[PDB]
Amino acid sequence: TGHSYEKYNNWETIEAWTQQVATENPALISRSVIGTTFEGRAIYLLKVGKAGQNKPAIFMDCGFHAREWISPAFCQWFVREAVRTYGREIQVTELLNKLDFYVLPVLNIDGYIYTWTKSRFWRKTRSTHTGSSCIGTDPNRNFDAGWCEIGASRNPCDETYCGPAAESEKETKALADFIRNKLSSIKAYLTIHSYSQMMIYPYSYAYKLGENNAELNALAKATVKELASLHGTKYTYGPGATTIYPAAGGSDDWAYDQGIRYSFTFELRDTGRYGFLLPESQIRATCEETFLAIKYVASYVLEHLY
């Protein structure tokens, strides 16, 4: 029954919400379509920030994986918090005047709808390719970053299936096309998942470390402290391969190898008690603490431009 920031919203409501928020906040939010899903559904992107010349950007997406409902819930919360507090708190005013945030509320829309009406734990896209009767590819194994080398299945029926080729999915090709086009302005890439309460940086497709590794580790350590400020929520952090697991073809690694020096994957609440089924009553607290983390990272990026 309409949109709420403290409930999970079906796609039709989120879609309506993206237009509403643009219409209600014309100086701060505009909405774009960056492409179309396997099933032909428009994929929306919000640009949050005040008009300005040659603005650097931070790209954040939610809803890679269908069942991770708290992820889209957070992109929505972020947009409201940003506009609500613009011109009222000095940090956020500065951020939106000097930076744009691209916010992609649900990438895997076909999958998201599927979890609402059919199968709550679906993860992948809903595509079909020649050669298999199984459905769906893992969008976070589908990027050109050590594609399908470790931590990815070659079996089309598996949850970590990498696809027939990198960017085989319209959704990931649409995201990669957008970032490639805006590469010279995008300074950070942030991709929101759940669960397990972690902040992860490259690399997941191999055990190597970025040239930047010490700085990334220090930034992660500092932002999880900031996150813990509010409600005491404990996050761990580190390079993906050893901290979570090997996982080739990830969007975080791909973005980093494009030259985006600040590239993180967030894993939100909880640690497994509810898992993917995070109760609606925890949405606010989760989103509040996560907002502090994103703000902290954005402010750091503003002082470390390149």
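Residue indices: 1-based, along the sequence shown.
Of the two segments examined, 62 to 70 and 254 to 262, it is 254 to 262 that shows the higher average Cα temperature factor in the deposited entry. The stretch with the higher mean CA B factor, choosing between 23 to 31 and 40 to 48, is 23 to 31. Ranking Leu175, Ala152, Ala188, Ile109 by Cα temperature factor from the entry places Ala152 first. Residues shown: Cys157, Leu104, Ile179, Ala82. Highest C-alpha temperature factor in the entry: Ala82.
Residue-level temperature factors show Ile113 in the lowest third of its chain, judged at the C-alpha atom. In the PDB entry, a CA B factor belonging to the lowest third of its chain's modelled residues is recorded for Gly136. Residue-level temperature factors show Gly238 in the middle third of its chain, judged at the C-alpha atom.
In the PDB entry, a CA B factor belonging to the lowest third of its chain's modelled residues is recorded for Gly249. Among the modelled residues of its chain, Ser194 has a C-alpha B-factor that falls in the lowest third, as given in the PDB entry.
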